[PDB]
Amino acid sequence: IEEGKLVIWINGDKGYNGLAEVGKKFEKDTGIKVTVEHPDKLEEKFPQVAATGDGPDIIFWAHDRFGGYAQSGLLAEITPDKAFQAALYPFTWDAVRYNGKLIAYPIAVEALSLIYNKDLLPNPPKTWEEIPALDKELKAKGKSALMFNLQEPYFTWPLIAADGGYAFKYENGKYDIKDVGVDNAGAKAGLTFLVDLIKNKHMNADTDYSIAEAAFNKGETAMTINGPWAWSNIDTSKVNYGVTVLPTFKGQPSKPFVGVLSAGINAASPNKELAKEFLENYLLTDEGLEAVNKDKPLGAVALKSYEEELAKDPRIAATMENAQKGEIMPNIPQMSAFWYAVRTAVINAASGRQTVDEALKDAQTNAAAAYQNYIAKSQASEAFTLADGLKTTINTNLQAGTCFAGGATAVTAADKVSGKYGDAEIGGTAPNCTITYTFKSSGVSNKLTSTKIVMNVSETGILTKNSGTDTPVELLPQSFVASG
Ligand SMILES: OC[C@H]1O[C@H](O[C@H]2[C@H](O)[C@@H](O)[C@@H](O)O[C@@H]2CO)[C@H](O)[C@@H](O)[C@@H]1O
Ligand SMILES: [Mg+2]
Ligand SMILES: [Mg+2]
């Protein structure tokens, strides 16, 4: 990570061009260049690159992923003065609190709404159950009732939760991480309704974000389900749209998981004070939020002064009505595993590859498998932590003409280093020095036990994959694997 610069990652559906304008302003006032990027699969790429000490200075995502990042030591604890904290709503700070510590800046509150074409559908349905017959009628005029992103469980969750689906049971001030709530009658009823929509040819299992967006914005489908960020592209389209409450299911509201768009600081960033000043004094201002919101709407913003104006928008009022019917997502480390499990179940049921019963029955197991991989990847990141220390040791004693000591050709104890999950030591000969990290035979993931990561050290300190590595390739940072 470059010192004296700011690299920002934010998802491609957000107002990153508007964010870059706030960036350019910061660059004018400070001389600090700000670069805004939007990598695909950003929320999965960041933990990998941050593990090797690289990545963005600042990462934006909904708050649900941040407990996982914090747990893996990837986030800097944030430190705003109480005067600043008073500028944002209290419940938004709560969303970014993990283990007592604030782990990000809250930016905006997002919930899914029902978006409808007022010309096709002046009076949109209040119930999911009306939608099949509505589609049949619209098909006669060459239109469809509803299209939305079926590939991400975020979009199907409001229906799954309506009759009783839940992520983790909340009992006695804690989440029960072993009580996952998609293997119950309520979840099954919601997913069954969805699968029948596909079986009855009212929806296609392959519909994704782009397909649904293009169909709604071109007037081919009467309704879609999406968040505030989507409104901008509809604004530029011919469509006259309305934003309203999600349909009910079995007389109960759809319950979208509510996300707080948040900005965290990379633990490995050399630019932490700069990141803080950008976020506190440029982004989280009326002018800063407006710049982004003008690009792609944020929803209901955490900043009280600017949300004062936004709240008069009927679209934000619907956003907040849906948010209240739903629930704020947990931020616990198991959230990404939960999301992997629900994505898999929904897709397996959608495609017809598994029954709704079988798909949902496998979810907790699938979540566990995902979480075990997450733990192993986190533990493996220690090798790059230890190697970074050892790599400076390597360059300081290369002066003695060797990879070690003040001249030895065996590793001194000053060339070894102990870790929590394994030990690293310098190796090699001549100017081609290596670092080897060996996992313990127990007390670490059984995916990792007794395996080793072997790194070649360039003269410039860049670590590449040596073929002696037998730590599983899929648990290593992809950039490291690529160098192999
Ligand atoms: O689909 C699972 C996914 O849901 C949420 O992601 C949302 C995100 O919150 C929104 O800002 C927007 O980008 O759409 C995403 C879904 O495509 C969770 O935040 C995420 O962790 C989870 O994987
Ligand atoms: Mg008209
Ligand atoms: Mg059936």
Side-chain angles (χ1 to χ4, degrees), residues 9-16 38-47 59-69 95-96 104 106-113 116-122 132 148-158 160-161 167 182 188-189 191-200 207-210 212-213 219 225-230 239-242 256-264 292 296-300 319 323 326-347 349 352 355-357 367 370 374:
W9 284 1
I10 184 165
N11 205 45
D13 48 8
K14 302 302 192 309
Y16 59 86
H38 49 98
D40 198 31
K41 295 229 271 190
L42 141 70
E43 77 278 20
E44 286 289 0
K45 287 182 174 173
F46 172 80
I59 178 189
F60 283 75
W61 196 260
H63 72 282
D64 63 305
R65 294 255 168 182
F66 279 61
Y69 299 157
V96 293
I107 309 291
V109 184
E110 327 169 330
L112 293 170
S113 297
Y116 66 102
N117 180 325
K118 287 183 184 176
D119 285 296
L120 286 178
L121 210 59
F148 65 99
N149 184 6
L150 292 184
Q151 309 309 306
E152 287 294 326
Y154 185 73
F155 295 84
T156 50
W157 187 253
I160 295 174
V182 306
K188 290 172 180 188
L191 188 48
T192 297
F193 188 84
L194 192 51
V195 170
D196 289 345
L197 280 175
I198 297 184
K199 288 176 166 171
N200 296 323
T207 298
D208 61 10
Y209 190 94
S210 301
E213 188 181 30
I225 296 171
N226 220 326
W229 54 84
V239 173
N240 185 5
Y241 70 100
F257 257 140
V258 181
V260 174
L261 177 64
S262 302
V292 178
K296 301 299 175 60
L298 292 163
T319 296
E327 267 183 19
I328 286 174
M329 294 185 282
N331 67 2
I332 68 179
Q334 295 81 4
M335 273 307 291
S336 60
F338 156 83
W339 280 127
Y340 162 78
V342 178
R343 191 176 194 272
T344 298
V346 160
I347 286 181
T355 66
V356 171
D357 289 316
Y374 156 86

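Residue numbers run from 1 in the order of the sequence given. As the structure lists them, so they are numbered: ligands from 1, and atoms in each ligand from 1.
Residue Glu152 holds the heavy atom nearest to atom 1 (O) of ligand 1 of all those in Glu110, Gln151, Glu152. The heavy atom nearest to atom 20 (C) of ligand 1, considering only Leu42, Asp13, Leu112, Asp64, is found in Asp64.
Formation of a donor-acceptor pair under 3.5 Å by the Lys45 side chain with backbone atoms of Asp40 is found in this model. A distance-only check finds a donor-acceptor pair linking the side chain of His63 to the backbone of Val260 [under 3.5 Å]. A donor-acceptor contact shorter than 3.5 Å links the side chain of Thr156 to the backbone of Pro153. No donor-acceptor distance shorter than 3.5 angstrom exists from the side chain of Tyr374 to the backbone of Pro333, with no hydrogens or angles considered. No donor-acceptor distance shorter than 3.5 angstrom exists from the side chain of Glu327 to the backbone of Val258, with no hydrogens or angles considered.
Protein-derived N/O/S atoms nearer than 2.8 Å to the Mg ion (ligand 2) total 1, waters excluded.
Residue contacts with ligand 1 for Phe257 are absent, since no atom lies close enough (heavy atoms, distance under 4.0 Å).
Near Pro153, the atoms of ligand 1 lying under 4.0 angstrom from a non-hydrogen atom of the residue are 1 (O), 2 (C). Proximity to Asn11 (heavy-atom distance under 4.0 Å) selects the following atoms of ligand 1: 13 (O). Taking a cut-off of under 4.0 Å to the non-hydrogen atoms of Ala62, the atoms of ligand 1 that pass are 9 (O), 19 (O). For ligand 1, the atoms closer than 4.0 angstrom to any heavy atom of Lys14 are 10 (C), 11 (O), 12 (C), 13 (O). Of all atoms in ligand 1, numbered sequentially from 1 with element shown, those under 4.0 Å from a heavy atom of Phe155 are 16 (C), 17 (O).
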Side chain to side chain contact (heavy atoms under 4.5 Å, CB included) evaluation trace for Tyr69 with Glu43: CA-CA 10 Å; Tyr69 299 157; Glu43 77 278 20; 3.6 Å; yes
After noting the C-alpha distance and the side-chain angles of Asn226 and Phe148, does the key distance pass the side chain to side chain contact (heavy atoms under 4.5 Å, CB included) rule? CA-CA 7 Å; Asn226 220 326; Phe148 65 99; over 6 Å; no
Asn331/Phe66 under side chain to side chain contact (heavy atoms under 4.5 Å, CB included): CA gap, chis, key distance, verdict: CA-CA 6 Å; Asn331 67 2; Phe66 279 61; 5.6 Å; no
Decide yes or no on side chain to side chain contact (heavy atoms under 4.5 Å, CB included) for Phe193 and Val356, but give the supporting numbers first. CA-CA 10 Å; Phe193 188 84; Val356 171; over 6 Å; no
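For atom 22 (C) of ligand 1, the closest non-hydrogen atom on the protein side is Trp339 CD1, 3.5 Å. Protein heavy atom in closest approach to atom 16 (C) of ligand 1: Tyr154 CB, 3.7 Å.
Between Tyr16 and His38, the angle of the ring planes stays under 30°, which puts this pair in the parallel group of the 30/60° scheme.
Using a 4.5 Å heavy-atom cutoff, the side chains of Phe338 and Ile332 are not in contact.
Using a 4.0 Å cutoff on heavy atoms, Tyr209 does not count as a contact of ligand 1. Under a 4.0 angstrom heavy-atom cut-off, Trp229 registers as being in contact with ligand 1.
Between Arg65 and ligand 1, a contact under 3.5 Å exists for at least one N or O pair.
At least one test fails for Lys296 against the ring of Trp229: distance under 6.0 Å to the centre or angle within 45° of the axis.
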